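Enquirer: Have a look at this one before I ask anything.
Number of protein chains: 2
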Amino acid sequence: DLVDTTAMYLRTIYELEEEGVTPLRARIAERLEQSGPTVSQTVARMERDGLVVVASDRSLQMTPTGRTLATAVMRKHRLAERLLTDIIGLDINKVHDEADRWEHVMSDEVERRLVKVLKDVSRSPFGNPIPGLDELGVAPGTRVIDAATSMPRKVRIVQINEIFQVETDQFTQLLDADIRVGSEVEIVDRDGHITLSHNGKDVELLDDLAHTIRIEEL
Amino acid sequence: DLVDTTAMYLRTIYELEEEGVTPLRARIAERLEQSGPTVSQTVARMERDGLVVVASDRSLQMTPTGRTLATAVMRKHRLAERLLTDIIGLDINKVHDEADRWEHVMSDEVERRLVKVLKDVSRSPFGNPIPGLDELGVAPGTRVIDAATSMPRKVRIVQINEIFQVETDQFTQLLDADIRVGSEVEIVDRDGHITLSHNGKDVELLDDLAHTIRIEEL
Ligand code: NI
Ligand code: NI
Ligand code: NI
Ligand code: NI
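Protein sequence lines correspond, in order, to chains D and B.
The first sequence maps to residues 3 to 140, 147 to 226 in UniProt numbering.
The second sequence maps to residues 3 to 140, 147 to 226 in UniProt numbering.
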């Protein structure tokens, strides 16, 4: 029923990270309605396959290769949803479950067509941005500006330097997303803007602020 | 790569029968680029599953259930091709290979949408009628009129009775499709017309002729 089990585990990791939930084996098990033991065995095989690493505190860390694939699966999934909703007219309650199968069989060529054919490929019908469209191709720690890449990762805030800021509007944004020193947050450059996420709340940083906030790896 | 192997074997049986080729294990092996031994093992499992029977002369006979599924797979396959060609604009050289994956994951609901959304669902872009649209839901031997059903089957012509016919135009049609007594031909009611096929040449019978031609089971 899962069609491509490996790809489903990756897509589920992806969407847990999007939501700011720590990707743990029991959350994957719950989301895919699979047994914990079955998940643990499939996770072991994904490790052998180069797709994931189980960190010492048991969270799943997608390898850059795993992440690239997960991003591809998500992109296909969201473009299929837009197709099914925008063009096919499939009833909305069935769209995600259809795209959940289609995502494992859509080629890159179909996607490049969809990008031309659809009105807007900013987001799925369910509110989330479509990732990967670029790859389809149509002083403790480190300053956020230097540490962020085009692939998101979870890091820890070790300093904010509010004393050096002129752009003072984002202070409250950070506070309302409860981002403080010691918060573990996702970072990405996407761009020319860095974004911090905490608990699925996004803060798009101005560059003065991205120069000032310093992070450490988890 | 086959996505649903069982469904691929059925779709390949279907298309061999369409072409008037006897569905034999070596022709399936050849078409799917699978080993003979692998085909024979998968065929054994399909038998255990109720989908096919290997007749005493080694041809594959789809069970009515196998045939119903094969017809469903074909319908999904052809509607996907029309979608990919008519709406998506996928380059024609890639359409069949894409639909070859999509056919195993399209629900009935998507198909019912496609039937409304597409211009014409008479045929795939590759010239063959789309079957199953009805089930989607939007004196030796026996006279052809009595023996034919909505599901095609291979039978043997045992009598033609040309002496009793007034409609004399179809005689040559039969002759050019080399349908003579002793010819093994496919029959279907589809309708209100019976069709005889021999070697992938179709003859649509007038009812006077369908009353006259008598057939036996193989
Ligand atoms: Ni979805
Ligand atoms: Ni899926
Ligand atoms: Ni085809
Ligand atoms: Ni296929």
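In this text, a Cβ means the ideal position worked out from N, Cα and C, and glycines have one as well.
Inspect the beta-carbon positions of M64 (chain B) and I132 (chain B) and report whether they are closer than 8 Å.
Expert: As a first step, residue 64 (chain B) must be located in the second sequence, where it is residue number 62. As a first step, residue 132 (chain B) must be located in the second sequence, where it is residue number 130. The answer is no: Cβ separation not under 8 Å.
Enquirer: Let me check understanding here. Comparing Cα to Cα, which of D:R115, D:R103 and D:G139 lies closest to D88 (chain B)?
Expert: Position 86 of the second sequence holds residue 88 (chain B). Looking at the Cα atoms, D:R115 is the closest of the given residues.
Enquirer: Can a CB atom of chain B be found closer than 8 Å to the CB of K96 (chain D)?
Expert: Along the first sequence, read from residue 1 onward, the residue named residue 96 (chain D) stands at position 94. With 8 Å as the cut-off, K96 (chain D) counts as an interface residue toward chain B.
Enquirer: Is the segment 200 to 215 of chain D in contact with the segment 19 to 29 of chain B, if contact means three or more CB pairs nearer than 8 Å?
Expert: With a cut-off of 8 Å, the segment 19 to 29 of chain B and the segment 200 to 215 of chain D do not count as touching, because too few Cβ pairs lie within range.
Enquirer: What does the alpha-carbon distance come out to for the pair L135 (chain B) and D51 (chain B)?
Expert: Along the second sequence, one-based indexing puts residue 135 (chain B) at 133. Along the second sequence, one-based indexing puts residue 51 (chain B) at 49. In a straight line, the C-alpha of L135 (chain B) is about 25 Å away from that of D51 (chain B).
Enquirer: Name, please, each residue of chain D whose Cβ falls closer than 7 Å to the Cβ of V5 (chain B).
Expert: Here residue 5 (chain B) refers to the residue found at position 3 when the second sequence is read from its first residue. In chain order: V107.
Enquirer: Given this structure, state the Cα-to-Cα distance separating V123 (chain B) from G68 (chain B), to the nearest angstrom.
Expert: Position 121 of the second sequence, counted from the start, is the residue given in the question as residue 123 (chain B). Position 66 of the second sequence, counted from the start, is the residue given in the question as residue 68 (chain B). Distance between the alpha carbons of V123 (chain B) and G68 (chain B) is about 23 Å.
Enquirer: Would you identify the three-state DSSP class for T24 (chain D), choosing helix, strand or coil?
Expert: Numbered from its first residue, the first sequence carries residue 24 (chain D) at position 22. Coil at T24 (chain D), not helix or strand.
Enquirer: Going along chain D in order, which residues have a C-beta closer than 8 Å to the C-beta of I132 (chain B)?
Expert: As a first step, residue 132 (chain B) must be located in the second sequence, where it is residue number 130. Result: empty, since nearest Cβ-Cβ is about 17 Å, beyond 8 Å.
Enquirer: Can you give the Cα-Cα distance for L18 (chain B) and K78 (chain B), rounded to whole angstroms?
Expert: As a position in the second sequence, residue 18 (chain B) is number 16, starting the count at 1. As a position in the second sequence, residue 78 (chain B) is number 76, starting the count at 1. Using only the alpha carbons, I get a separation of about 18 Å.
Enquirer: Could you pull the start and end residues of the alpha helix (DSSP H) that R125 (chain B) belongs to?
Expert: Here residue 125 (chain B) corresponds to residue number 123 of the second sequence, with the count starting at 1. From DSSP, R125 (chain B) is part of no alpha helix (DSSP H); its letter is neither H nor E.
Enquirer: Going by the C-beta, is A74 (chain D) closer than 7 Å to any heavy atom of ligand 1?
Expert: One-based indexing of the first sequence puts residue 74 (chain D) at position 72. No, Cβ of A74 (chain D) sits at least 7 Å from all heavy atoms of ligand 1.
Enquirer: Can you tell me whether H106 (chain B) sits near ligand 1, meaning its C-beta is under 7 Å from at least one heavy atom of the ligand?
Expert: What you label residue 106 (chain B) is simply residue 104 of the second sequence in a count that begins at 1. Because no heavy atom of ligand 1 lies under 7 Å away, the Cβ of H106 (chain B) does not count as near it: no.
Enquirer: Return yes when at least one heavy atom of ligand 3 lies under 7 Å from the C-beta of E83 (chain B), else no.
Expert: The residue labelled residue 83 (chain B) in the question sits at position 81 within the second sequence. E83 (chain B): yes, Cβ under 7 Å from ligand 3.
Enquirer: Under the rule that 16 or more other beta-carbon atoms within 10 Å means buried, what is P39 (chain D), buried or exposed?
Expert: In the first sequence, counting from the first residue as 1, residue 39 (chain D) sits at position 37. So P39 (chain D) ends up on the exposed side.
Enquirer: What three-state label does DSSP hand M108 (chain B) in the structure shown?
Expert: Within the second sequence, residue 108 (chain B) is the residue found at index 106, counting from 1. Coil.
Enquirer: Taking C-alpha atoms, which residue in B:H106, B:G200 and B:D99 lies nearest to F128 (chain B)?
Expert: On the second sequence, residue 128 (chain B) is found 126 positions in, with the first residue counted as 1. With distances taken between Cα atoms, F128 (chain B) lies closest to B:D99.
Enquirer: Under 8 Å by Cβ, that's how I've got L12 (chain B) and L71 (chain B) pegged, so tell me the actual separation to the nearest angstrom.
Expert: As a first step, residue 12 (chain B) must be located in the second sequence, where it is residue number 10. As a first step, residue 71 (chain B) must be located in the second sequence, where it is residue number 69. Yes, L12 (chain B) and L71 (chain B) are in contact; Cβ-Cβ is about 6 Å, under 8 Å.
Enquirer: Confirm the yes/no value for this check: CB of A46 (chain B), any heavy atom of ligand 3, distance under 7 Å.
Expert: Position 44 of the second sequence, counted from the first residue, corresponds to residue 46 (chain B). The answer is no for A46 (chain B).
Enquirer: Whole angstroms are fine: how far does the CA of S109 (chain B) sit from the CA of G139 (chain B)?
Expert: If you number the second sequence from 1, residue 139 (chain B) lands on position 137. If you number the second sequence from 1, residue 109 (chain B) lands on position 107. Each residue's alpha carbon lies about 14 Å from the other.
Enquirer: Cβ of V97 (chain B) versus every heavy atom of ligand 4: is any distance shorter than 7 Å?
Expert: The count along the second sequence starts at 1 and reaches residue 97 (chain B) at position 95. No, Cβ of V97 (chain B) sits at least 7 Å from all heavy atoms of ligand 4.
Enquirer: DSSP three-state label for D210 (chain B), please.
Expert: Taking the second sequence and counting its residues from 1, one reaches residue 210 (chain B) at position 202. DSSP places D210 (chain B) in strand when its eight states are reduced to three.
Enquirer: Between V123 (chain B) and chain D, is any beta-carbon pair separated by less than 8 Å?
Expert: What you label residue 123 (chain B) is simply residue 121 of the second sequence in a count that begins at 1. Taking Cβ atoms only, chain D never reaches closer than 8 Å to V123 (chain B), which makes this a no.
Enquirer: Under three-state DSSP, which class holds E192 (chain D)?
Expert: Position 184 of the first sequence, counting from 1, holds the residue named residue 192 (chain D). Strand at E192 (chain D).
Enquirer: Can you list the alpha helix (DSSP H) stretches of 4 or more residues lying completely in the segment 45 to 96 of chain B, in chain order?
Expert: Entirely contained in the segment 45 to 96 of chain B, the alpha helix (DSSP H) runs reaching 4 residues are, in chain order, 66 to 85.
Enquirer: Taking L120 (chain B) as the reference, which of B:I90, B:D6 and B:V56 has the closest Cα?
Expert: Position 118 of the second sequence holds residue 120 (chain B). Closest by alpha carbon: B:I90.
Enquirer: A9 (chain D): beta carbon under 7 Å from a heavy atom of ligand 1?
Expert: Counting from 1 along the first sequence, the entry for residue 9 (chain D) is found at position 7. No, the beta carbon of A9 (chain D) sits no closer than 7 Å to any heavy atom of ligand 1.
Enquirer: For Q167 (chain B), does the three-state DSSP call read helix, strand or coil?
Expert: Position 159 of the second sequence, counting from 1, holds the residue named residue 167 (chain B). Strand, per DSSP.
Enquirer: Is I15 (chain D) helix, strand or coil when you go by DSSP?
Expert: The residue you call residue 15 (chain D) lines up with position 13 of the first sequence. In the structure shown, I15 (chain D) sits in a helix (DSSP, three-state: H, G or I).
Enquirer: If we ignore side chains and look at the alpha-carbon of each, how far apart do residue 145 (chain B) and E194 (chain D) end up?
Expert: Here chain B is numbered 140 followed immediately by 147, so the structure offers no position for residue 145 (chain B).
Enquirer: What's the C-alpha gap between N169 (chain D) and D3 (chain B)?
Expert: Walking along the first sequence from the start, residue 169 (chain D) turns up at place 161. Walking along the second sequence from the start, residue 3 (chain B) turns up at place 1. Answer to the nearest angstrom: the Cα atoms are 54 Å apart.
Enquirer: Cβ of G139 (chain B) less than 8 Å from any chain D Cβ?
Expert: Stepping through the second sequence from its first residue, residue 139 (chain B) is reached at position 137. Not one chain D Cβ lies under 8 Å of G139 (chain B).
Enquirer: Cutting at 8 Å between CB atoms, please list the residues of its own chain near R103 (chain D), excluding the five before and the five after it.
Expert: The residue given as residue 103 (chain D) occupies position 101 in the first sequence. Only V5 meet the Cβ criterion.
Enquirer: Check the Cβ of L182 (chain D) against every Cβ in chain B and list those closer than 8 Å, keeping chain order.
Expert: Against the first sequence, residue 182 (chain D) aligns to sequence position 174. The premise fails here: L182 (chain D) is roughly 43 Å from chain B at the closest Cβ pair, so nothing lies under 8 Å.
Enquirer: Could you give the C-beta distance for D216 (chain B) and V174 (chain B), rounded to a whole number, given that I count them as a contact under 8 Å?
Expert: Taking the first residue of the second sequence as position 1, residue 216 (chain B) is located at position 208. Taking the first residue of the second sequence as position 1, residue 174 (chain B) is located at position 166. Confirmed, about 6 Å.
Enquirer: By DSSP, does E175 (chain D) sit in helix, in strand, or in coil?
Expert: By one-based count along the first sequence, residue 175 (chain D) stands at place 167. Three-state DSSP puts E175 (chain D) in coil, outside helix and strand.
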